[PDB]
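So the structure is just underneath, and the comments pick up after that.
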Amino acid sequence: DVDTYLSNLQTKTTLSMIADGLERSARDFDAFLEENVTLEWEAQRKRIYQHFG
Amino acid sequence: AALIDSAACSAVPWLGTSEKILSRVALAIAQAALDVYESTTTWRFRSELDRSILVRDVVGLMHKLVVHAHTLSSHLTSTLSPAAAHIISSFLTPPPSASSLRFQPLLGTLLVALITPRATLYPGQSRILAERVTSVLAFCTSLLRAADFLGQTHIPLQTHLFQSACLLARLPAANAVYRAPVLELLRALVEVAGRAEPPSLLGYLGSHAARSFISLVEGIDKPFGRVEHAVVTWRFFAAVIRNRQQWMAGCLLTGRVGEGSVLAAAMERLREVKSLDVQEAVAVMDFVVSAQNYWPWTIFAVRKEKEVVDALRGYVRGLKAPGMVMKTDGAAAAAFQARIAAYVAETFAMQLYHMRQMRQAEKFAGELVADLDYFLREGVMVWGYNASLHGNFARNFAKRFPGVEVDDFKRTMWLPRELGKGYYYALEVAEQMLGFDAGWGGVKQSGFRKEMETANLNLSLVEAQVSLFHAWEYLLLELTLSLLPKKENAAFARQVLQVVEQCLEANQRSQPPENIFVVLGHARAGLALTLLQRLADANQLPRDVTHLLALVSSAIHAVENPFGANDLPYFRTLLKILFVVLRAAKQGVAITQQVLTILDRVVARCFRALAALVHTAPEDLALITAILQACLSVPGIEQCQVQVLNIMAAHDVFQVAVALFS
Amino acid sequence: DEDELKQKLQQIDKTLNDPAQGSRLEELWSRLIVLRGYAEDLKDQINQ
Amino acid sequence: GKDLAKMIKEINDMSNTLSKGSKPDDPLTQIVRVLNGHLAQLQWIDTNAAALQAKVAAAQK
Amino acid sequence: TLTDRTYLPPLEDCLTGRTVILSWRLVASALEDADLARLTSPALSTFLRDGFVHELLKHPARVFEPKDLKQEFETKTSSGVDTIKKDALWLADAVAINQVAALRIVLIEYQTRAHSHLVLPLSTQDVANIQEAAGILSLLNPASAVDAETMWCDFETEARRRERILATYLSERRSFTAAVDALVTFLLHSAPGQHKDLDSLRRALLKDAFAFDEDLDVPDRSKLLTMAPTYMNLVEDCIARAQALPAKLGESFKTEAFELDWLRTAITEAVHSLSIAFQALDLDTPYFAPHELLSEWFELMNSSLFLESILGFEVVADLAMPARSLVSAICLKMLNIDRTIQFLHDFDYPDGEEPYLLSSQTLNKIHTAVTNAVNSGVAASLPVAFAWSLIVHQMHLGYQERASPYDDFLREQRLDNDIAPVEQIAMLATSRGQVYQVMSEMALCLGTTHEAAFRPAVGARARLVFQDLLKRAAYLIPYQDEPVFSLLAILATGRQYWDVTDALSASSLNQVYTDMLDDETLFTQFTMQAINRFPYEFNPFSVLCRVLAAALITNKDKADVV
């Protein structure tokens, strides 16, 4: 385990890698909003399908 | 030197003087002192003590001149500004022909010190030489800091300071007194080598000499165990590790794992923080973080191999760390405890990130989440700024000192700000600058000194709170991903909701100043944003928006409506926060009356402002559209459609929408 | 011809026995260990 | 040379483990490595061929 | 129930580094710099508060007296230890010290190898870097400079290791002497307004070692007054080792450098012993010291020629001058010219202690010692000889008015009828103002200025004997410029203008100054005459006003005298 950990290690500050979580969140939020608005359009269409009958 | 010291007190006896006269006299004095310093390398004294005293005096004068110029940034330090400026221009970027004439005196002093024999007699000469060495070291440090400041990319003095450190590595061997000053100098040289690979220090020191110096310094004041020399050696180690030094860092961490390395003793000190002085604990934790962020594979490995002694002590510290410690016995220890907790949280977050990368962070995180009580108490809440006493002190100082203001004592960032009573206000200088007239001393240790000390302690506490904020933000951000499964959901959701509520309440309550600390706008909004994001991804919310949205609405109402102003990130993050909040509400009636305010006053106003400005805009308009779409989906709206028809028709949004569509 | 030999030897020996050249490696090693720790941490974080 | 070799090895270890560390017996790092080999050999070919090409200009007197 | 646990911690701690033994170097440094943090540190606090360290510092001879502690050595060395044990055994076989002390010194040297290596000559690359920096300043030695490889390979050798061990042994001896001296100084002449922790530590150390309690109206000086012979007897072994190196030591190590180092160490140890004795003596200024000890001390000085045999070399002048000054100071102290004249003129018994005045043998010994010293042609004996001559000049007249034990002396060496020898000695001493010049030099080396060889309090308490000598000698020899310049160089010492501070110190340190305004002899003869000779004789009055204004800044009772 330690062998692979040292093999795949990069010379750089650790506090910068964890920071990437912010970027990843900012890039996931977009897709999450797109899923919100798609499940919303879906819901709306559904309620219309239950309005017409 | 006495003339310069007297001129330093520019806050006052002085009939027959003026700023220009004092400035010219100081410039002439600086020129004369520099000429003497350049000429002393040629005279032949009957003995070495005379030249030593002369060098000590001139170095002390130059140091007092340099520090006085950068210690403050107000007009109080303008009388000696042409002089300090001259000395700096002549000791940082001298001509190449007379560059060595200004450096040979220091080299000769270091040589004479490193080859003076040890003697039990003649204590006068010994103390004079010690003071001379300390003055030379302080002057070197001041020059290094001055070069680091003002944006100096090419420092020709560094080439000579390296070969001077070549001697300073052995100089402490003659006298232990030099161990702290020397290390300080080295720390400042390393700092100048960071913001400027650098010249390999091992090439100047040497393998054997470097190993001997490491074996001498690794033990932090073991025979006595003082706090000053300890914080000094811990800051030195942190600075040496933070820079690109790799050979020295490896020899200091490994010790040639670690059996006699600095870390072997740092763990021995960490396992007794419950009784150790909080002042030294901060420096020890800073060293730990500096060794982890740059050399994690060693520090984290050793800590996991010995976690049975560190995790227990961390849990003990966390459980018995009250939040409001001001009211209890102790006022200055609050900032120290907050800084210690912030460093502990940062280290926990880093080791949890490493374990997650190694896929061994489940049990450790599950055991640590039960220790976040101190965080829930004094974490994201930064309302401990107590602007009341700060404003009172400012008014009392402006009423008694019309000319000098309270903000004039702000540090110029020349030296790393201490997390003590001198974080923002320069007390070391104020003690000698305002102590000439009655009012500073005060009866029964009262007056302006105690109030300034309390204000500095409060600012240090706020800084420690911000550090803990960042640490806990990272920790919780990684834990939200770690604790994805369906367990410990109750306490987890409770903690997240409490954090969000504390953030939203602090966003409304009194804000801190923007000139002292960093603007909080957009700094603590994304935290709650991502928290609610991940909690919605997990779908484990108690649909308790009935009260959570009130704070967001109050913030959106009392934000001055900077829809398109410079505060665009703040507006966007607030919009995303309210979006996720109203989405969580949709998943859940008394909700419609509480959510119609955003549909009536917020969405319409922002849409009209955007339509009027557009005559940046695309993403904001898309976010507003998504907000309205997700807000029109709440179940409470399918019945209040009648009630909302009029509010939606009053602004005639359809006209502007069709216009922009054209 | 000894002079030439010790001249070459002195040149290469002088080139090797330099503070900077010797220091670069030491600096590099730590400079690597930084990335080692950073990568290992960021790896453990994204070890899912 | 030995220490430098150790360094390079460790760098390889860190890069390889960082990029992938849940299957060190996989075919990706395989393709990477073999493909690197090919790159190096191709470089050798290119350079030496260029050298020989240069050597011909001398005969063009 | 006095073990060496805190004194000599287990070898496992010394080797693993979990507890660095508090060597005498660190204690001496902390006591010399008067650092608050170090002196109040837990480690040093527990080390000094232990009764074992108290018994050791009260009996330094036992610290190096040859004993058979083979059992203790084996028990300590059992439960890199083989080399440590071998070095300890070799050192114990070479020097007469016990095996425990040798083992402790070897452990301290092992812990201090970094310093011993860093204080060595630099390598070739360092010399090259220094030359590059230089572009006067020629304090290097490139002719002998070598690379680091050959410097380290030679450092780990056996001969070099043994030489370093011996050097560390000598350094630790000097450090122990300086540390005990500074400790006695701080415990006897503690400055006021110090931190509460320092006062508490002082009171604890006193009550534990000497039972000296400040809340008692009469503290127990017995255990503090018994520290004079404890070191006057050790000075014998010091001079014996100075005049003869260890025989069991290998001849290969007995080189010029080693001989010079041994001589310097012996001189430093003798100076520290003399200083400790002078301190323990001035602790009780008015009362006399036991004549049984002064007899042996004067016999010792007679035999050794006032340490002129070991100090006769020209390479120990820097250490000889202060050594001679301190010898003269302690001689004048034990002589008590002031109290001696008071007793000879008052005839009332002091009751503090019996003086040598009632023993004719001691008087004969002192007289023959002074005669031998003056015949040998040495300057260090100038003030002591002059003083003794004055005493004899007062005894002669005391006999003329009575024409009792001193009569035996006066008639034993044929000193009753003729007064030629003492008169000739005084004439030679006063010729060319040699006595005054040597006294001024001693005061300079025993003052408070940065040129002084000892601490400020040491010189402040050492100038008292010279001031008393000038007091009793002023009414004998008339007023003249030479004695005045001598007293000026004594009281002022030649310090600078910025050497004046308002730092409040113990009254004892201010005694040497206030005496000028306390005793009528030093008031109506020097101060009054100096004021009357103004501005004609400007330097005396000026320097007197300067020193008075510099010394009476905090003394509110005499702040408006200048």
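Here are the numbers:
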| quantity | calculated |
| --- | --- |
| Whole-number percent relative contact order across segment E:296-386, with pairs defined as alpha carbons under 8 Å at least 6 apart | 46 |
| Proxy reagent accessibility, fewest Cβ within 10 Å first, across B:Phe401, B:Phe661 | B:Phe661, B:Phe401 |
| Ellipsoid equivalent to chain E - semi-axes via the Cα gyration tensor, in Å | 44, 28, 26 |
| Cα gyration tensor shape for segment E:155-243, rounded if a/c is under 1.5, else prolate or oblate | oblate |
| Prolate/oblate/rounded label for segment B:512-662 (Cα gyration tensor, a/c 1.5) | oblate |
| Check: the protein assembly as shown dipole with +1 on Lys, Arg Cβ and -1 on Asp, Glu Cβ, in debye | 4240 |
| Charge dipole of the protein assembly as shown about the Cα centre (unit charges at C-beta), most positive-ward option of E:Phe176, C:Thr15, B:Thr40 | C:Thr15 |
| Spatial separation of Cα centroids for segment B:233-260 and segment E:311-344, in angstrom | 54 |
| Amide H contacts under 5 Å for B:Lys410, placed H, 5+ residues apart | B:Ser73 |
| Sorted by Cβ neighbour density within 10 Å, fewest at the top, the residues B:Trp472, E:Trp90, D:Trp44 | D:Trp44, E:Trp90, B:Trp472 |
| Student exercise, chain B dipole from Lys, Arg, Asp, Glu Cβ charges, in Debye to nearest 20 | 880 |
| Distance from segment E:193-270 to segment E:8-26 (C-alpha centre basis), Å | 22 |
| In order through segment E:373-388: 3J(HN,Hα) via Karplus (6.51 cos²θ - 1.76 cosθ + 1.60), integer Hz, x for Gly, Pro | 5, 6, 6, 5, x, 10, 7, 4, 7, 4, x, 5, 4, 3, 3, 4 |
| Segment E:38-81 shape via C-alpha gyration tensor axes, a/c threshold 1.5 | oblate |
| Listed residues E:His367, E:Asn510, E:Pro9: farthest to the positive end of the dipole of chain E (Cβ charges) | E:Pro9 |
| Area projected by the alpha carbon convex hull of segment E:343-409, averaged over all directions, nm² | 5.1 |
| Point-charge dipole on Cβ atoms (K/R +1, D/E -1) for segment E:408-562, about Cα centre, debye to 20 | 360 |
| Whole-Hz ³J(HN,Hα) from phi, Karplus 6.51 cos²θ - 1.76 cosθ + 1.60, for segment E:420-430, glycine and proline x | 5, x, 5, 5, 5, 4, 5, 4, 4, 5, 7 |
| Centre separation in Å (Cα based) which lies between chain D and segment B:149-228 | 40 |
| Debye log10 I(q)/I(0) for the protein assembly as shown, one point scatterer per Cα, at q = 0.05, 0.07 Å⁻¹ | -0.53, -0.94 |
| Cα point-scatterer Debye curve for segment E:1-96, base-10 log of I(q)/I(0) at q = 0.17 Å⁻¹ | -0.95 |
| Segment E:411-562: relative contact order in percent, alpha carbon pairs under 8 Å with at least 6 residues between | 20 |
| Dipole-positive endmost among E:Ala403, E:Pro350, E:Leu305 within segment E:301-435 (Cβ charges, Cα centre) | E:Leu305 |
| Whole-Hz ³J(HN,Hα) from phi, Karplus 6.51 cos²θ - 1.76 cosθ + 1.60, for segment C:4-10, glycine and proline x | 4, 4, 6, 5, 4, 4, 5 |
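Taken together, the values in this text are just the output of simple stated rules run on the coordinates, not laboratory data. Neighbour counts are summed over all protein chains in view; Cβ atoms, including those assigned to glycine, are modelled from backbone coordinates with ideal geometry.
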